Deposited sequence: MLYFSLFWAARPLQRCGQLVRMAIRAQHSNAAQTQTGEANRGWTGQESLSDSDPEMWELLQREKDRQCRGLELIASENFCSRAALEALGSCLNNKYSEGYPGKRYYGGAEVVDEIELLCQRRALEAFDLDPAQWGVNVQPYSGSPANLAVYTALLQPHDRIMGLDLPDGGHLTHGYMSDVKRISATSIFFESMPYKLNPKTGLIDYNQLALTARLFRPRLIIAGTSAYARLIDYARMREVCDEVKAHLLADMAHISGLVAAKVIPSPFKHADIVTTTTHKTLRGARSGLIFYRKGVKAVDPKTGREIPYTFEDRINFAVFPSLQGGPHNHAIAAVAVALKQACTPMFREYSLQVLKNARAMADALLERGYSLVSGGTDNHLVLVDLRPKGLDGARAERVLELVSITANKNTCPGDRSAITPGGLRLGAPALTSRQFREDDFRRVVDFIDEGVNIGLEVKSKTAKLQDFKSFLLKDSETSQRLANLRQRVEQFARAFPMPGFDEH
């Protein structure tokens, strides 16, 4: 035993699973707006000897030796990150160690706040992330709500936009120390100027969490949160198209009397929260950030925008209703209540024909436990060189699933009744097997980033 044997030779059971997953990614229409396909280049860094190095601490400030190379990788990754978002090294630092996006948010809260200090974020069912503070009527759900005190802000249910007026009204009363501008399920741009005004008045930190839209911001195809935000967190996957990791950007240098974010942020990441960095992820992130700086990527991102509105316009023209009426970014929120269906039903139909989308609770939902809609994203299929006509055809395939769903709803009662009918009625099975086969044939023909076979 050397540990140089191949995966295919040494663990055939696992190799076959990697192949089935690769095949599933190739044959499918991936419409989850968080999802993307990482480059082979970055996957080579991720699957490297960099996994073997413990480098607790920071460049030049390590707790032990042998980190000279790993130091250059970290410092390179930082510079590439600041470059990717057109940030001045004098006015912005960045931490590249967070293990994912959720750790990155937790680290900011523990860096800047005391336990039980107050946080405001977009409510989860209005399109906020778990890590922005989310608790239910029964219990505290996100650890953000356990260790800190979160009150959500909300959508104006008329417009489907962020009710910025209520946020200002309500932040005056709640007195948050930190307010979060960022979304998991929101088709429009965030008014970061208006967020900073609220934050300036109530004397809160503004945290922009651009996870979903970080690629679009780097490419400069939407306006940048960095103009108005103190702190920016993000994933390195999603629209940045990297390996799974996280980043924390923070302002540094002179405020008005210096900013004091850098030392607090870095300390919270290590030694407070994390152990050894995942230097392999850091390197794959650096690879992906270089790719993000190129004109290729600006074109990718522009196509992401165009593909999204092509999907929107297409859905409007098949008569579907959209939350907020459309999109200014990489996704579309489809309200299926005005079509006489819901998200739960649509999802399971779409799934069975290799179309993968996300449920979305919409403003107009009459039932709190059945989501009304669906999030549909461009980035993943755009990375497979999809264009407007290809997304029109995606929308076309979706419409068939919806229409099966509508037909199965009137021949069923409950939601578990719905899902069993999809499996056991031969006439429904066959129409599903047919649509699936046509979807997989359509999808397979497009190129796919990464390795050929895993």
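A.B. asks: In sequence order, name the stretches of the deposited sequence that have no C-alpha in these coordinates.
C.D. replies: Model skips 1 to 42, 299 to 306 of the deposited chain.
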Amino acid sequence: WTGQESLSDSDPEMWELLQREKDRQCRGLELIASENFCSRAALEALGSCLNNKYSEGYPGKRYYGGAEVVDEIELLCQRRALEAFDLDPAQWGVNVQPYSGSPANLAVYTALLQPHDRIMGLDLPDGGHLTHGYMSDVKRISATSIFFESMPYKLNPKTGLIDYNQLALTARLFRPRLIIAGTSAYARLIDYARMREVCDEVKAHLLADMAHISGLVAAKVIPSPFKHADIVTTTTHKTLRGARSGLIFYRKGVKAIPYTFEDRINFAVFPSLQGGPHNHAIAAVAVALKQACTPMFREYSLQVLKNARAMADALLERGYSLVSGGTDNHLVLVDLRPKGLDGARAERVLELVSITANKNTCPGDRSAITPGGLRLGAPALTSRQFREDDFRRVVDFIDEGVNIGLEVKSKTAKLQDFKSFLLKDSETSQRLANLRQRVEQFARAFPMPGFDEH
From here on, numbers count along this sequence of modelled residues.
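Between two forms, the rigid core is defined as the largest C-alpha subset superposing within 1.5 Å.
A.B. asks: Fit on the core, then compare CA atoms: does 264 to 272 or 369 to 377 lie farther from this form in 5 other deposited structures of this protein?
C.D. replies: Between 264 to 272 and 369 to 377, the one lying farther away in 5 other deposited structures of this protein is 369 to 377.
A.B. asks: Quick one: with the core lined up, is it 133 to 141 or 297 to 305 that wanders further in 5 other deposited structures of this protein, going by C-alpha RMS?
C.D. replies: Once the cores are fitted, 133 to 141 deviates more in 5 other deposited structures of this protein.
A.B. asks: Of the other entries that cover residues on both sides, do at least a third skip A256?
C.D. replies: Affirmative; at least a third of those entries omit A256.
A.B. asks: Give the stretch, out of 426 to 434 and 20 to 28, with the larger mean C-alpha temperature factor in the deposited entry.
C.D. replies: Of 20 to 28 and 426 to 434, the stretch with the higher C-alpha B-factor average is 426 to 434.
A.B. asks: Taking only the CA atoms, which stretch has the higher mean B-factor in the record, 247 to 255 or 113 to 121?
C.D. replies: Taking the mean B-factor of the alpha carbons in each, 247 to 255 is higher.
A.B. asks: Among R79, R241, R345, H278, where is the Cα B factor highest in this entry?
C.D. replies: The listed residue with the largest C-alpha B-factor is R345.
A.B. asks: Highest CA temperature factor in the entry: which of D365, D71, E149, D263?
C.D. replies: Largest recorded C-alpha B-factor: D365.
A.B. asks: Would you mind checking where the Cα B-factor of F267 ranks among the modelled residues of its chain, as the lowest, middle or highest third?
C.D. replies: Bottom third by C-alpha B-factor.
A.B. asks: Once the chain's modelled residues are ordered by C-alpha B factor and cut into thirds, is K411 in the lowest, middle or highest one?
C.D. replies: For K411, whose C-alpha B-factor we compare with every modelled residue in the chain, the answer is the highest third.
A.B. asks: Could you tell me which third, lowest, middle or highest, the C-alpha B-factor of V394 occupies within its chain?
C.D. replies: It belongs to the middle third of the chain when residues are ordered by C-alpha B-factor.
A.B. asks: Sorting the chain's CA B-factors, does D137 end up in the lowest, middle or highest third?
C.D. replies: Highest third - that is where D137 ends up once the chain's C-alpha B-factors are sorted.
A.B. asks: Is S48 in the lowest, middle or highest third of its chain when residues are ranked by C-alpha B-factor?
C.D. replies: Its C-alpha B-factor, which the entry lists for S48, ranks in the lowest third among residues of this chain.
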